[PDB]
Structure formats: structure tokens, C-alpha cells
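Here's the structure, in C-alpha cells; my notes come after.
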Amino acid sequence: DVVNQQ
Amino acid sequence: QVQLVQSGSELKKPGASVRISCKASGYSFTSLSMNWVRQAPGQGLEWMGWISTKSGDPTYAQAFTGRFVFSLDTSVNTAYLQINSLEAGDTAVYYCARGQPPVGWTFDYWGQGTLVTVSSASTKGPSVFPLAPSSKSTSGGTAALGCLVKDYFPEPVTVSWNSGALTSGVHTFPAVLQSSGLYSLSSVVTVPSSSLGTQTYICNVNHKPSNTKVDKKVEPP
Amino acid sequence: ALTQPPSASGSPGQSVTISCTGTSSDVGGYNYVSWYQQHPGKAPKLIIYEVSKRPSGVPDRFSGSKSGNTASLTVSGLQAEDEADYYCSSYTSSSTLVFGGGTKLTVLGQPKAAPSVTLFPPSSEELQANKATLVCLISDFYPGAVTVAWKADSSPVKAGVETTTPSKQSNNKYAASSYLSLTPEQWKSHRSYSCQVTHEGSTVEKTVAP
Ligand SMILES: [Cl-]
């Protein structure tokens, strides 16, 4: 669920 | 090693713009995101947002939309923060901070920070005065010599002795802010009283906001 | 947005624990809580990530955990170098990062130490520019409270006096500086100028003369 900043 | 090196401190007037660079070395720049963090003097860290080095897309924190632009020049492995329409409350140290894999919400490497001072007041480079020890003052084994860095604006100043070769016994003191609005600071190094007459001592005073560096030789009284 | 107590304290060798309270939408929702240590005027340094993990070079003296909506950093075996500000951070369900306000950790037990005082007279060069300044440098005192008085000959002086507030040194002792601005005739017209630093009722005095 945690968005990948890249 | 992984390293983030930021541009020098700057003074800017209200409504002006400023661009701070964060040059990455030691890893594949486009492989990891870059975050920006602000720290107002005496205050805490605030996250400003992040930029993807793969797409170039920026994402801004709610408090930092509109006047803040994250950008990149990948050909020189550099991330840029531009602040437009500068306000008094923008005065802060800005850090670039790399996003650790796999998602980038941990900051493993940080730039050294850049002090942006927003003020209408004019820049003023320091006047540097060498402080020689009196003969009586060298009567004990050691002597304390120094440099007065007087009437500058804005922060910061860095002081070294003999281009960084002499660091032991060096005490550089935090600046005083005078009613006039200008800063002054002092740096002192204690040396053997036997070495005056033989060893040369030079204070190097750097004031990047005015891009001025002075080296004074502390001579005899 | 994350709530940390403003300070923390412990004696050398003992433990300190610092709390960081968020919500179910950050600390309580995810495992991306970080702790950063910051010495004055230096960049923050990662010491804990993903709630309990340590980056390369950080000893296990530093540990992190969380329960419910509150994360906690424990520094065991406290040493003087641990004196610093500590910031927590967490990911949010809004895909943002939030910081705590920071906790200043002080290491206690340091003994009383009197100030060392160096006092410089105005230089020839400064005088030449009609800009004499007496420089009084105060260092290595503890606790971090001092009062400074300036004396012209035998009488008090208070105009053109600038004194910093004490700041922590890199050895957790304290330093300050005081400046007496004069004019060249103010300077030469007296017999001696003095800087007197009082600390816990006791005074260290320095005097210079033209
Ligand atoms: Cl250690």
C-alpha cells in the first residue's frame, strides 16, 4: 500500500 | 561514497527568487527519489515534498505548493529547489535528503544544508581584525591569538586557521547580533608562546553570502 | 503533526526513552517510522528506520519500537555525544511524510566548572578605522548561566555592550562572548578596561590597558 516515491 | 553537496548560503530580497542545487555523487542518480526538508532557525524539520529522478514528477507537501519548484539536471546528477516570491518566513536552512529504497520514505543521506536568508537589508562583508597577544600575555607557556570578524550580514561565517592545517586549540564563537542589525564573531587559537616569531598564523574568514574570503595574518603588536 | 515531548535527560550509562505520538493514519498505520539525530548546525543523521532497524554504523545501543499510535526511541548506555535533538518521522495514508517537533536530549551529571576568560583589546588596525571593540570570550563553564559586567577604570559601563546568550560547546560545556564597543578617545582616555564574568556567585576578571 505504501507508494514508491520514484 | 554516496554524497549530497549543496550550494552556498544566499541573501535574497522579498519577492525575489532563489535556486539551491544538490549535486549527487557516488550512486546512480536516477535510481532513487530526492526529498526536500526545511528547518527555520531554532525550529524543527518540515518535509516539503519529493521528486522522482526517474520521471521528473514533483509532489509537494500541502504547506509548500505554489512557490516551490523541484527540478533536475540528470546530466550533472543534480536536483534543484527553486523558491519564488520569497517571504520573510522563508528564511531557513534547506536540506536535500535521498530517499532510501524501496519506497523512499527513509532519508539515508542528507546534503549539508543551505541557509537562505530573506531580507531587504543590504549585504555587508565583515571587517577582519587580527588580535595579537601582548607580550605580557605570552608570559605563561601559551598564547592566545585571534580574529575579530566585525559587522557583517547575513549569516553565516566560517573561520579556519592556516587554511585548515591548524585546528587544535581553535575555538570559534557564535556570533552576536547587534542592535545595529549586524553580526560579529570571534575566533581564538591558543599556541605555544615559544612559536611566536617562528610559526605564521593566518585566520581565513569566509562569507559566502557576499562571496568574500579574507585571510589575515596575525602579526606582532 | 507528530507529538514529541520537548526534552529528555539521563545520566551517563543509563537509558532514555523518547515518545512520538501520531495517528492510526501514520505511526499506527504503517511501519515507516524514522528517527534522526541532529547536533547543532549539522545535518540530521538517520539512526532508526522502519520503526526498529538501524543503518550501517549505528550501534544497537539505539533501539526503536512502537505500540498503537506511539513510536518510541530508547538510547541505552547514554554517553555525552548523545546530547542532541532527536526527530521522529512517519509516512501517512495521504502519501506524505510528517515530522515530530523534536526532543532535546541532555546528559546530566557534569560538574560545576568556572568560566575561562580571554580578553582582547582593540587592534591598531581597528583604531585606525575609528572602531575600537573590546572582545571578551568566555568558555568551558557549566551550568550554562553567566552574567557579564564591564568596567571602565573602576566604574561601570553599559552602553555599547553586546553579549550573546550561552551556547553549548561541542563538549557539552558552555560558551559566550561579550563585546564593548568604544570610540578611540573613549579607549585611550581611561587607564584600563575590564570584563568580569560571574558564575554561581564567583567572578573571573580580565583587564586590558592601552
Ligand atoms: Cl557509539
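Ligands are numbered from 1 in the order shown, residues from 1 within each chain, and chains are lettered A, B, ... in the order they appear in the C-alpha cells.
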Which residues of chain C have any atom within 8 Å of an atom in ligand 1 when counting only C-alpha atoms and all ligand atoms, and what is the closest pair of atoms for each, with the distance in Å to one decimal? Order the rows by chain and rising number and write it as JSON lines.
{"residue": "C:58", "atom": "CA", "partner": "ligand 1", "partner_atom_place_in_ligand_line": "1 (Cl)", "distance": 7.1}
{"residue": "C:59", "atom": "CA", "partner": "ligand 1", "partner_atom_place_in_ligand_line": "1 (Cl)", "distance": 5.9}
{"residue": "C:61", "atom": "CA", "partner": "ligand 1", "partner_atom_place_in_ligand_line": "1 (Cl)", "distance": 7.4}
{"residue": "C:79", "atom": "CA", "partner": "ligand 1", "partner_atom_place_in_ligand_line": "1 (Cl)", "distance": 7.9}
Keeping only N, CA, C and O atoms, write the selected residues to a file as a short mmCIF file (atom, residue, chain, number, x, y, z; two decimals), in the first residue's frame.
data_model
loop_
_atom_site.label_atom_id
_atom_site.label_comp_id
_atom_site.auth_asym_id
_atom_site.auth_seq_id
_atom_site.Cartn_x
_atom_site.Cartn_y
_atom_site.Cartn_z
N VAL C 58 25.42 2.41 13.13
CA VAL C 58 24.71 2.81 14.33
C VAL C 58 24.69 1.62 15.29
O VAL C 58 24.12 0.57 14.93
N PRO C 59 25.24 1.74 16.49
CA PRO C 59 25.28 0.59 17.41
C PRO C 59 23.90 0.27 17.96
O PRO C 59 22.99 1.09 17.95
N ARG C 61 22.94 0.13 20.86
CA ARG C 61 22.51 0.98 21.97
C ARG C 61 21.23 1.72 21.64
O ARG C 61 20.41 2.00 22.52
N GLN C 79 25.85 8.34 26.59
CA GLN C 79 27.14 8.99 26.56
C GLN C 79 26.96 10.47 26.23
O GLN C 79 25.93 10.88 25.70
#
- Pick out the chain A residues within 9 Å of chain C. Count only C-alpha atoms. Give them as an NGL selection string. :A and (1-3 or 5)
Atoms kept (N, CA and C atoms) for selection, written as a JSON list (two decimals), in the first residue's frame:
[["chain", "number", "residue", "atom", "x", "y", "z"],
["A", 1, "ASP", "N", 0.81, -1.22, 0.00],
["A", 1, "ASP", "CA", 0.00, 0.00, 0.00],
["A", 1, "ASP", "C", 0.85, 1.28, 0.00],
["A", 2, "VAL", "N", 2.09, 1.19, 0.50],
["A", 2, "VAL", "CA", 2.92, 2.39, 0.62],
["A", 2, "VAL", "C", 3.47, 2.76, -0.75],
["A", 3, "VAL", "N", 3.20, 4.00, -1.18],
["A", 3, "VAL", "CA", 3.56, 4.48, -2.51],
["A", 3, "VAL", "C", 5.07, 4.57, -2.64],
["A", 5, "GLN", "N", 8.10, 6.44, -3.99],
["A", 5, "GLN", "CA", 8.36, 7.82, -4.38],
["A", 5, "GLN", "C", 8.84, 7.94, -5.83]]
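Atom CA of residue B:154 is found 7.6 Å from atom CA of residue B:182.
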- Item | Contact residues around stretch 189-198 of chain B with only C-alpha atoms at 12 Å, ignoring same-chain residues under 2 positions, as number ranges by chain | B: 130-147, 159-162, 166-173, 186-187, 200-203, 218-221; C: 118, 137
Residues of chain C at most 6 Å from chain B: nearest atom pair and distance in Å, only C-alpha atoms, as a Markdown table:
| residue | atom | partner | partner_atom | distance |
| --- | --- | --- | --- | --- |
| C:43 | CA | B:112 | CA | 5.5 |
| C:46 | CA | B:108 | CA | 5.9 |
| C:101 | CA | B:44 | CA | 5.7 |
| C:164 | CA | B:176 | CA | 5.4 |
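The shell of residues at most 12 Å from residue B:18, with only C-alpha atoms counted and near chain neighbours (fewer than 3 positions) removed, consists of residues 7, 8, 9, 10, 11, 12, 13, 14, 15, 21, 67, 68, 69, 80, 81, 82, 83, 84, 85, 86, 87, 90, 91, 94, 114, 115, 116, 117 and 118 of chain B.
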- Message: Residues of chain B were defined as contacting chain A if any atom lay at most 9 Å from it, counting only C-alpha atoms; please report them as a list in words.
- Response: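 Residues satisfying the distance criterion: residues 30, 31, 32, 33, 34, 50, 51, 52, 53, 54, 55, 56, 57, 99, 101, 102, 103, 104 and 105 of chain B.
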Based on the selection just made, write N, CA and C atoms of those residues as a PDB file, in the first residue's frame.
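Result went into part12.pdb, see below:
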ATOM      1  N   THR B  30      19.477   8.662 -11.081  1.00  0.00           N
ATOM      2  CA  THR B  30      18.076   8.425 -11.438  1.00  0.00           C
ATOM      3  C   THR B  30      17.474   7.177 -10.789  1.00  0.00           C
ATOM      4  N   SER B  31      18.161   6.545  -9.839  1.00  0.00           N
ATOM      5  CA  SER B  31      17.656   5.319  -9.234  1.00  0.00           C
ATOM      6  C   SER B  31      16.833   5.554  -7.970  1.00  0.00           C
ATOM      7  N   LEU B  32      16.982   6.708  -7.321  1.00  0.00           N
ATOM      8  CA  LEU B  32      16.318   6.973  -6.050  1.00  0.00           C
ATOM      9  C   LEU B  32      15.767   8.391  -6.028  1.00  0.00           C
ATOM     10  N   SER B  33      14.594   8.542  -5.421  1.00  0.00           N
ATOM     11  CA  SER B  33      13.943   9.835  -5.257  1.00  0.00           C
ATOM     12  C   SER B  33      14.786  10.784  -4.402  1.00  0.00           C
ATOM     13  N   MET B  34      14.495  12.081  -4.523  1.00  0.00           N
ATOM     14  CA  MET B  34      15.073  13.101  -3.649  1.00  0.00           C
ATOM     15  C   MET B  34      13.973  13.860  -2.920  1.00  0.00           C
ATOM     16  N   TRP B  50       8.804  15.689  -2.498  1.00  0.00           N
ATOM     17  CA  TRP B  50       9.791  14.831  -3.139  1.00  0.00           C
ATOM     18  C   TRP B  50       9.711  14.971  -4.651  1.00  0.00           C
ATOM     19  N   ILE B  51      10.787  14.552  -5.311  1.00  0.00           N
ATOM     20  CA  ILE B  51      10.836  14.463  -6.762  1.00  0.00           C
ATOM     21  C   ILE B  51      11.372  13.090  -7.147  1.00  0.00           C
ATOM     22  N   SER B  52      10.708  12.468  -8.124  1.00  0.00           N
ATOM     23  CA  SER B  52      11.181  11.237  -8.745  1.00  0.00           C
ATOM     24  C   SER B  52      12.259  11.555  -9.774  1.00  0.00           C
ATOM     25  N   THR B  53      13.441  10.971  -9.603  1.00  0.00           N
ATOM     26  CA  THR B  53      14.506  11.116 -10.587  1.00  0.00           C
ATOM     27  C   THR B  53      14.323  10.203 -11.789  1.00  0.00           C
ATOM     28  N   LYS B  54      13.301   9.356 -11.782  1.00  0.00           N
ATOM     29  CA  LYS B  54      13.010   8.548 -12.956  1.00  0.00           C
ATOM     30  C   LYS B  54      12.066   9.262 -13.918  1.00  0.00           C
ATOM     31  N   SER B  55      10.992   9.860 -13.399  1.00  0.00           N
ATOM     32  CA  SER B  55      10.024  10.589 -14.212  1.00  0.00           C
ATOM     33  C   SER B  55      10.244  12.097 -14.213  1.00  0.00           C
ATOM     34  N   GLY B  56      10.873  12.654 -13.183  1.00  0.00           N
ATOM     35  CA  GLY B  56      10.931  14.091 -13.037  1.00  0.00           C
ATOM     36  C   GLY B  56       9.725  14.713 -12.375  1.00  0.00           C
ATOM     37  N   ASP B  57       8.703  13.924 -12.056  1.00  0.00           N
ATOM     38  CA  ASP B  57       7.490  14.475 -11.460  1.00  0.00           C
ATOM     39  C   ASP B  57       7.746  14.916 -10.024  1.00  0.00           C
ATOM     40  N   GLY B  99      15.952   9.535  -0.784  1.00  0.00           N
ATOM     41  CA  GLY B  99      15.005   8.501  -0.411  1.00  0.00           C
ATOM     42  C   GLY B  99      15.582   7.099  -0.490  1.00  0.00           C
ATOM     43  N   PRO B 101      15.854   3.152  -0.687  1.00  0.00           N
ATOM     44  CA  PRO B 101      14.960   2.121  -1.256  1.00  0.00           C
ATOM     45  C   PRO B 101      14.256   1.358  -0.149  1.00  0.00           C
ATOM     46  N   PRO B 102      13.116   0.710  -0.442  1.00  0.00           N
ATOM     47  CA  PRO B 102      12.483   0.539  -1.755  1.00  0.00           C
ATOM     48  C   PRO B 102      11.455   1.607  -2.113  1.00  0.00           C
ATOM     49  N   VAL B 103      11.035   2.427  -1.152  1.00  0.00           N
ATOM     50  CA  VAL B 103       9.954   3.373  -1.394  1.00  0.00           C
ATOM     51  C   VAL B 103      10.357   4.830  -1.206  1.00  0.00           C
ATOM     52  N   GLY B 104      11.418   5.135  -0.469  1.00  0.00           N
ATOM     53  CA  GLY B 104      11.923   6.492  -0.395  1.00  0.00           C
ATOM     54  C   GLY B 104      11.461   7.325   0.781  1.00  0.00           C
ATOM     55  N   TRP B 105      10.793   6.726   1.764  1.00  0.00           N
ATOM     56  CA  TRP B 105      10.285   7.473   2.906  1.00  0.00           C
ATOM     57  C   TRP B 105      11.247   7.473   4.084  1.00  0.00           C
TER      58      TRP B 105
END
- Task: Record the distance separating atom CA of residue C:116 and atom CA of residue C:204, expressed in Å with one decimal.
- Result: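 For atom CA of residue C:116 relative to atom CA of residue C:204, the distance reads 7.7 Å.
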- Expected answer as an MDAnalysis selection string: helix (DSSP H, G or I) residues in stretch 34-133 of chain C: chainID C and resid 80:82 124:128
- Query: Hey, what's within 7 Å of residue C:193 if we count only C-alpha atoms and toss same-chain stuff fewer than 3 positions away? As an MDAnalysis selection string, please?
  - Reply: chainID C and resid 151:153 207:209
- Could you jot down the atom CA of residue B:26 to atom CA of residue B:4 separation for me, Å, one decimal place? 9.0 Å
- DSSP on the backbone, then: every residue of stretch 23-173 of chain C marked strand (DSSP E), written as an MDAnalysis selection string. chainID C and resid 33:38 45:48 62:67 70:75 84:91 97:99 103:107 116:120 133:141 147:152 155:157 161:163 167:168
- Message: Give me, as a ChimeraX atom specification, all polymer residues having an atom no more than 8 Å from residue C:49, counting only C-alpha atoms and skipping those fewer than 5 positions away in the same chain.
- Response: /B:106 /C:32-35,54-55
- Residue neighbourhood residue C:159, 12 Å, only C-alpha atoms, exclusion window fewer than 6 positions, as number ranges by chain: B: 179; C: 149-152, 179-183, 186
